[PDB]
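Undergrad: Pasting coords09.tsv below, which is TSV, C-alpha atoms and all ligand atoms.
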chain	number	residue	atom	x	y	z
L	1	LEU	CA	0.00	0.00	0.00
L	2	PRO	CA	2.73	2.55	0.76
L	3	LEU	CA	4.21	1.92	-2.71
L	4	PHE	CA	0.96	2.75	-4.52
L	5	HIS	CA	1.74	6.46	-4.99
L	6	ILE	CA	5.02	5.44	-6.62
L	7	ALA	CA	3.61	2.84	-8.98
L	8	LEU	CA	1.02	5.34	-10.12
L	9	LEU	CA	3.86	7.77	-10.81
L	10	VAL	CA	5.85	5.26	-12.85
L	11	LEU	CA	2.82	4.60	-14.98
L	12	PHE	CA	2.30	8.28	-15.70
L	13	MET	CA	5.95	8.54	-16.59
L	14	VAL	CA	5.92	5.74	-19.14
L	15	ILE	CA	2.82	7.28	-20.71
L	16	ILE	CA	4.54	10.62	-21.21
L	17	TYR	CA	7.61	9.18	-22.84
L	18	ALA	CA	5.62	6.68	-24.86
L	19	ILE	CA	3.67	9.58	-26.34
L	20	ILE	CA	6.62	11.95	-26.67
L	21	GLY	CA	8.90	9.27	-27.98
L	22	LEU	CA	6.31	8.21	-30.47
L	23	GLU	CA	5.88	11.73	-31.77
L	24	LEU	CA	9.60	12.28	-32.05
L	25	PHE	CA	10.68	8.99	-33.63
L	26	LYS	CA	7.63	7.54	-35.33
L	27	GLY	CA	8.25	5.66	-38.51
L	28	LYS	CA	11.87	6.66	-38.72
L	29	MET	CA	13.67	3.39	-38.39
L	30	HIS	CA	12.76	1.54	-41.59
L	31	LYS	CA	15.80	2.07	-43.82
L	32	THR	CA	18.67	-0.39	-43.25
L	33	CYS	CA	21.67	-0.95	-45.53
L	34	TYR	CA	21.08	-3.47	-48.31
L	35	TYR	CA	23.27	-4.95	-51.02
L	36	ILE	CA	22.38	-3.49	-54.42
L	37	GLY	CA	19.67	-5.46	-56.22
L	38	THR	CA	19.21	-7.92	-53.34
L	39	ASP	CA	17.27	-8.48	-50.13
L	40	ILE	CA	20.26	-9.40	-48.04
L	41	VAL	CA	20.94	-6.91	-45.27
L	42	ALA	CA	24.58	-5.89	-45.39
L	43	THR	CA	26.28	-5.82	-42.02
L	44	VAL	CA	29.81	-6.22	-40.73
L	45	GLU	CA	30.93	-9.28	-38.80
L	46	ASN	CA	30.02	-8.48	-35.23
L	47	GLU	CA	27.52	-5.71	-35.97
L	48	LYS	CA	23.81	-6.09	-35.59
T	1	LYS	CA	59.24	-23.90	-57.81
T	2	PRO	CA	58.90	-25.83	-61.07
T	3	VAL	CA	59.62	-24.54	-64.56
T	4	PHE	CA	56.39	-25.16	-66.53
T	5	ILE	CA	56.81	-25.70	-70.24
T	6	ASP	CA	53.68	-25.18	-72.30
T	7	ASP	CA	52.27	-28.26	-73.92
T	8	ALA	CA	49.95	-29.95	-76.33
T	9	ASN	CA	47.77	-32.92	-75.24
T	10	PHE	CA	47.44	-30.77	-72.16
T	11	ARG	CA	46.13	-27.36	-73.01
T	12	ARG	CA	48.02	-25.91	-70.04
T	13	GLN	CA	51.60	-25.29	-68.88
T	14	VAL	CA	53.08	-28.41	-67.30
T	15	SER	CA	56.18	-29.86	-65.64
T	16	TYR	CA	57.36	-33.41	-66.40
T	17	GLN	CA	59.89	-33.62	-63.58
T	18	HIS	CA	57.52	-34.27	-60.70
T	19	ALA	CA	53.95	-34.66	-59.58
T	20	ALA	CA	51.82	-31.95	-58.08
T	21	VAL	CA	49.85	-32.44	-54.94
T	22	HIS	CA	46.27	-31.31	-54.34
T	23	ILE	CA	45.31	-30.83	-50.70
T	24	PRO	CA	41.64	-29.89	-50.19
T	25	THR	CA	41.01	-26.59	-48.61
T	26	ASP	CA	39.54	-27.34	-45.21
T	27	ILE	CA	42.20	-30.01	-44.76
T	28	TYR	CA	45.34	-28.63	-43.15
T	29	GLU	CA	48.60	-29.73	-44.63
T	30	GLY	CA	51.29	-30.30	-42.13
T	31	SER	CA	49.06	-32.54	-40.10
T	32	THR	CA	50.90	-35.72	-39.21
T	33	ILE	CA	48.19	-37.63	-41.08
T	34	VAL	CA	48.80	-35.55	-44.20
T	35	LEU	CA	52.54	-35.05	-43.75
T	36	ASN	CA	52.99	-38.82	-43.71
T	37	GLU	CA	51.25	-39.25	-47.06
T	38	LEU	CA	53.53	-36.76	-48.76
T	39	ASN	CA	56.40	-38.77	-47.42
T	40	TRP	CA	55.40	-42.21	-48.59
T	41	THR	CA	53.56	-41.15	-51.71
T	42	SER	CA	56.69	-39.47	-53.01
T	43	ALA	CA	57.92	-42.75	-54.46
T	44	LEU	CA	55.24	-42.61	-57.09
T	45	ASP	CA	57.05	-39.92	-59.10
T	46	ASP	CA	59.44	-42.55	-60.38
T	47	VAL	CA	56.63	-44.79	-61.57
T	48	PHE	CA	54.65	-41.86	-62.90
T	49	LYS	CA	57.69	-41.07	-65.03
R	1	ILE	CA	14.17	-25.51	-66.34
R	2	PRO	CA	16.85	-23.47	-64.53
R	3	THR	CA	15.49	-21.07	-61.91
R	4	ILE	CA	17.89	-18.92	-59.91
R	5	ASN	CA	16.70	-16.18	-57.56
R	6	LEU	CA	18.58	-12.94	-58.14
R	7	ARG	CA	17.16	-11.48	-54.94
R	8	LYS	CA	19.12	-13.93	-52.79
R	9	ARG	CA	22.60	-14.23	-54.34
R	10	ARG	CA	24.98	-12.06	-52.37
R	11	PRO	CA	27.58	-10.98	-54.88
R	12	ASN	CA	30.91	-12.52	-53.78
R	13	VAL	CA	30.60	-15.99	-52.21
R	14	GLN	CA	31.10	-18.55	-55.08
R	15	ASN	CA	28.67	-21.49	-54.88
R	16	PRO	CA	29.54	-24.90	-56.42
R	17	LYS	CA	29.62	-25.02	-60.23
R	18	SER	CA	29.04	-28.65	-61.36
R	19	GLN	CA	30.24	-32.22	-60.92
R	20	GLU	CA	27.74	-34.39	-62.77
R	21	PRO	CA	28.80	-36.83	-65.48
R	22	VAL	CA	27.75	-36.29	-69.03
R	23	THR	CA	25.38	-39.24	-69.39
R	24	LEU	CA	23.56	-38.90	-72.66
R	25	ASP	CA	21.86	-42.11	-73.77
R	26	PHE	CA	21.81	-43.67	-77.20
R	27	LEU	CA	18.10	-43.32	-77.45
R	28	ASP	CA	18.56	-39.64	-76.59
R	29	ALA	CA	21.46	-38.86	-78.90
R	30	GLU	CA	19.40	-39.98	-81.90
R	31	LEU	CA	15.75	-40.09	-82.87
R	32	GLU	CA	14.18	-43.09	-81.19
R	33	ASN	CA	12.61	-45.93	-83.09
R	34	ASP	CA	11.45	-49.34	-82.10
R	35	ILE	CA	13.95	-50.85	-84.52
R	36	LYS	CA	16.70	-48.96	-82.67
R	37	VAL	CA	15.72	-50.08	-79.20
R	38	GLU	CA	16.19	-53.55	-80.65
R	39	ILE	CA	19.67	-52.59	-81.87
R	40	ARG	CA	20.47	-50.84	-78.60
R	41	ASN	CA	19.48	-53.73	-76.38
R	42	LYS	CA	21.17	-56.22	-78.63
R	43	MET	CA	24.56	-54.53	-78.18
R	44	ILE	CA	24.25	-53.93	-74.49
R	45	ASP	CA	24.29	-57.67	-74.02
R	46	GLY	CA	27.53	-58.03	-75.95
R	47	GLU	CA	26.40	-59.43	-79.28
R	48	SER	CA	27.56	-58.86	-82.82
R	49	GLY	CA	25.45	-58.15	-85.84
Z	1	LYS	CA	38.71	-29.03	-33.98
Z	2	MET	CA	39.05	-29.88	-30.33
Z	3	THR	CA	42.59	-28.88	-29.51
Z	4	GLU	CA	45.40	-26.60	-30.55
Z	5	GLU	CA	47.28	-29.09	-32.64
Z	6	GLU	CA	44.22	-29.55	-34.80
Z	7	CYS	CA	43.07	-25.93	-34.87
Z	8	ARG	CA	45.50	-24.87	-37.64
Z	9	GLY	CA	44.65	-24.04	-41.25
Z	10	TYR	CA	41.52	-22.57	-42.88
Z	11	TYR	CA	37.88	-23.46	-42.42
Z	12	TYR	CA	34.69	-22.36	-44.17
Z	13	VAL	CA	32.18	-20.07	-42.57
Z	14	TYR	CA	28.66	-19.98	-43.95
Z	15	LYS	CA	26.64	-16.81	-44.11
Z	16	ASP	CA	23.09	-16.74	-42.75
Z	17	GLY	CA	23.15	-20.54	-42.59
Z	18	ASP	CA	23.17	-20.93	-46.33
Z	19	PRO	CA	25.33	-23.84	-47.41
Z	20	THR	CA	25.87	-22.50	-50.91
Z	21	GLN	CA	27.51	-19.26	-49.81
Z	22	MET	CA	30.79	-19.65	-47.95
Z	23	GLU	CA	33.99	-17.80	-47.13
Z	24	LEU	CA	37.37	-19.06	-45.99
Z	25	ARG	CA	38.62	-17.78	-42.65
Z	26	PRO	CA	41.85	-18.78	-40.90
Z	27	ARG	CA	41.32	-20.79	-37.71
Z	28	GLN	CA	43.00	-19.88	-34.45
Z	29	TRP	CA	43.06	-21.18	-30.89
Z	30	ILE	CA	41.28	-18.30	-29.15
Z	31	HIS	CA	41.39	-17.81	-25.40
Z	32	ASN	CA	38.58	-16.24	-23.50
Z	33	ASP	CA	38.92	-12.70	-22.33
Z	34	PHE	CA	37.79	-13.54	-18.82
Z	35	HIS	CA	39.14	-16.78	-17.52
Z	36	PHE	CA	40.19	-18.59	-14.38
Z	37	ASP	CA	43.74	-19.30	-15.06
Z	38	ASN	CA	45.57	-17.75	-12.15
Z	39	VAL	CA	43.87	-16.33	-9.03
Z	40	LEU	CA	44.23	-12.71	-10.06
Z	41	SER	CA	42.52	-13.60	-13.31
Z	42	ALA	CA	39.72	-15.48	-11.50
Z	43	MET	CA	39.01	-12.46	-9.31
Z	44	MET	CA	38.58	-10.10	-12.24
Z	45	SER	CA	35.97	-12.46	-13.65
Z	46	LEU	CA	34.20	-12.60	-10.32
Z	47	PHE	CA	34.19	-8.83	-10.13
Z	48	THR	CA	32.62	-8.60	-13.57
L	101	LIG	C1	60.14	-40.33	-46.31
L	101	LIG	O1	60.96	-39.34	-45.75
L	101	LIG	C2	62.13	-39.86	-45.12
L	101	LIG	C3	62.80	-38.65	-44.49
L	101	LIG	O2	63.29	-37.78	-45.50
L	101	LIG	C4	63.00	-40.58	-46.13
L	101	LIG	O3	63.99	-41.31	-45.42
L	101	LIG	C5	65.28	-40.98	-45.99
L	101	LIG	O4	65.56	-41.88	-47.09
L	101	LIG	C6	66.82	-41.65	-47.74
L	101	LIG	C7	66.93	-42.70	-48.83
L	101	LIG	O5	66.12	-43.82	-48.52
L	101	LIG	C8	67.97	-41.72	-46.73
L	101	LIG	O6	69.19	-41.42	-47.39
L	101	LIG	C9	70.20	-42.35	-46.96
L	101	LIG	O7	70.86	-41.82	-45.81
L	101	LIG	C10	71.85	-42.68	-45.21
L	101	LIG	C11	72.41	-41.96	-43.98
L	101	LIG	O8	71.33	-41.69	-43.10
L	101	LIG	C12	72.93	-43.04	-46.27
L	101	LIG	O9	73.82	-44.01	-45.74
L	101	LIG	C13	72.26	-43.58	-47.56
L	101	LIG	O10	73.22	-43.87	-48.54
L	101	LIG	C14	71.21	-42.60	-48.08
L	101	LIG	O11	71.90	-41.40	-48.37
L	101	LIG	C15	67.70	-40.76	-45.58
L	101	LIG	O12	68.71	-40.78	-44.59
L	101	LIG	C16	66.37	-41.11	-44.95
L	101	LIG	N1	66.12	-40.27	-43.79
L	101	LIG	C17	66.00	-40.77	-42.56
L	101	LIG	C18	65.73	-39.79	-41.46
L	101	LIG	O13	66.08	-41.97	-42.34
L	101	LIG	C19	62.19	-41.59	-46.94
L	101	LIG	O14	62.94	-42.05	-48.05
L	101	LIG	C20	60.88	-40.99	-47.47
L	101	LIG	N2	60.05	-42.03	-48.05
L	101	LIG	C21	59.79	-42.13	-49.36
L	101	LIG	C22	58.93	-43.27	-49.76
L	101	LIG	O15	60.25	-41.35	-50.17
Output the file's structure in the form of structure tokens.
TA:
Amino acid sequence: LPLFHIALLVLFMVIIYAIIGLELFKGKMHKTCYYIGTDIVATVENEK
Amino acid sequence: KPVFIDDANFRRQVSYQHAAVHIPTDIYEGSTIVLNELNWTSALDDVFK
Amino acid sequence: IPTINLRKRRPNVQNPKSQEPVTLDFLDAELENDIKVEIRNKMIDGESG
Amino acid sequence: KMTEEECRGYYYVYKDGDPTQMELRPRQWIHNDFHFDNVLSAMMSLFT
């Protein structure tokens, strides 16, 4: 019960940054490197 | 280092003084198992000739 | 019918080329008859004629 | 190749699990960066 005022504050802090983050970075991360004329993603050896 | 005359009946440069050796790629040469073939198999170059 | 997918060959890896034997048959090197399958069977079992 | 005397030469790596697309890489007897090999070494690992 004492922790309730905290766990209500964590929820209203994820909802701000979920909204803000969404507005700032929505749809941006859909352009990775690709080999020309192919669908193989082109990364280096230990890179994700 | 061999000397490699060019030839007919082979359409490539060749040496008639010894035999070449093909080791496959994922096989290491210098392994005792491989090193010991190149020892005993070396007596074929006289019968080859 | 040869089908290769260009969308999935990364450019510099070198797949295997070929190793198959060139097994053309006598009834496929020439137009087939019934009077040639007689000739062809008759000289698989080592006869003269 | 289970020991150092074997782990010499080249071996083929295969990219994205495709057996038709391979590259040669030299093979070496690597040693882990955090190991238990003297006590000082063991302690660093424990700290991590
Ligand atoms: C496999 O490799 C070994 C090592 O090179 C070869 O053994 C060597 O064979 C030659 C001729 O058979 C030996 O030469 C002889 O040396 C003695 C003195 O040691 C001399 O008295 C002879 O007149 C002759 O010069 C050579 O010494 C020998 N090496 C050893 C360490 O024994 C062997 O011939 C190779 N096998 C094949 C099939 O080629």
Undergrad: Quick check, in Å to one decimal: how far apart do atom CA of residue 9 of chain Z and atom CA of residue 1 of chain T lie?
TA: 22.1 Å
Undergrad: Just checking: using all atoms listed in the file, which residue out of T:21, T:47, T:27, T:38 ends up closest to ligand LIG 101 (chain L)?
TA: T:38
Undergrad: Based on all atoms listed in the file, which of the residues in chain R come within 8 Å of chain Z? I want them as a ChimeraX atom specification.
TA: /R:13-16
Undergrad: Please, which residues have at least one atom within 12 Å of an atom of ligand LIG 101 (chain L), using only C-alpha atoms and all ligand atoms, listed as a PyMOL selection string?
TA: chain T and resi 35-46
Undergrad: Pick out the residues sitting within 9 Å of residue 9 of chain R, and hand them over as a ChimeraX atom specification; count all atoms listed in the file, and ignore anything fewer than 6 positions along from it in its own chain.
TA: /L:38-40 /Z:21
Undergrad: Counting all atoms listed in the file, which residues of chain L come no farther than 12 Å from chain Z, as a PDB file with C-alpha atoms, in the frame of the given file?
TA:
ATOM      1  CA  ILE L  40      20.260  -9.400 -48.040  1.00  0.00           C
ATOM      2  CA  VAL L  41      20.940  -6.910 -45.270  1.00  0.00           C
ATOM      3  CA  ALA L  42      24.580  -5.890 -45.390  1.00  0.00           C
ATOM      4  CA  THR L  43      26.280  -5.820 -42.020  1.00  0.00           C
ATOM      5  CA  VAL L  44      29.810  -6.220 -40.730  1.00  0.00           C
ATOM      6  CA  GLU L  45      30.930  -9.280 -38.800  1.00  0.00           C
TER       7      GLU L  45
END
Undergrad: Work out how far apart atom CA of residue 47 of chain L and atom CA of residue 28 of chain T are and give it in Å to one decimal.
TA: 29.9 Å
Undergrad: What separation in Å, quoted to one decimal, exists between atom CA of residue 11 of chain Z and atom CA of residue 26 of chain T?
TA: 5.1 Å
Undergrad: Select from chain T every residue with an atom at most 12 Å from any atom of chain Z, then for each give the shortest pair of atoms and their distance in Å to one decimal, using only C-alpha atoms, rows by chain and rising number, as JSON lines.
TA:
{"residue": "T:23", "atom": "CA", "partner": "Z:9", "partner_atom": "CA", "distance": 11.7}
{"residue": "T:24", "atom": "CA", "partner": "Z:10", "partner_atom": "CA", "distance": 10.3}
{"residue": "T:25", "atom": "CA", "partner": "Z:10", "partner_atom": "CA", "distance": 7.0}
{"residue": "T:26", "atom": "CA", "partner": "Z:11", "partner_atom": "CA", "distance": 5.1}
{"residue": "T:27", "atom": "CA", "partner": "Z:9", "partner_atom": "CA", "distance": 7.3}
{"residue": "T:28", "atom": "CA", "partner": "Z:9", "partner_atom": "CA", "distance": 5.0}
{"residue": "T:29", "atom": "CA", "partner": "Z:9", "partner_atom": "CA", "distance": 7.7}
{"residue": "T:30", "atom": "CA", "partner": "Z:8", "partner_atom": "CA", "distance": 9.1}
{"residue": "T:31", "atom": "CA", "partner": "Z:6", "partner_atom": "CA", "distance": 7.8}
{"residue": "T:32", "atom": "CA", "partner": "Z:5", "partner_atom": "CA", "distance": 10.0}
{"residue": "T:33", "atom": "CA", "partner": "Z:6", "partner_atom": "CA", "distance": 11.0}
Undergrad: Hey, could you pull the box centre and edge lengths for segment 14-20 of chain L, axis-aligned, 3 Å padding per side, all listed atoms, to one decimal in Å, as JSON?
TA:
{"center_x": 5.2, "center_y": 8.8, "center_z": -22.9, "size_x": 10.8, "size_y": 12.2, "size_z": 13.5}
Undergrad: Distance table requested - chain R against chain L, cut-off 9 Å, all atoms listed in the file: one row per qualifying residue with the closest atom pair and its distance in Å to one decimal, ordered by chain and rising residue number, as CSV.
TA:
residue,atom,partner,partner_atom,distance
R:6,CA,L:38,CA,7.0
R:7,CA,L:38,CA,4.4
R:8,CA,L:38,CA,6.0
R:9,CA,L:38,CA,7.2
R:10,CA,L:40,CA,6.9
R:11,CA,L:35,CA,8.4
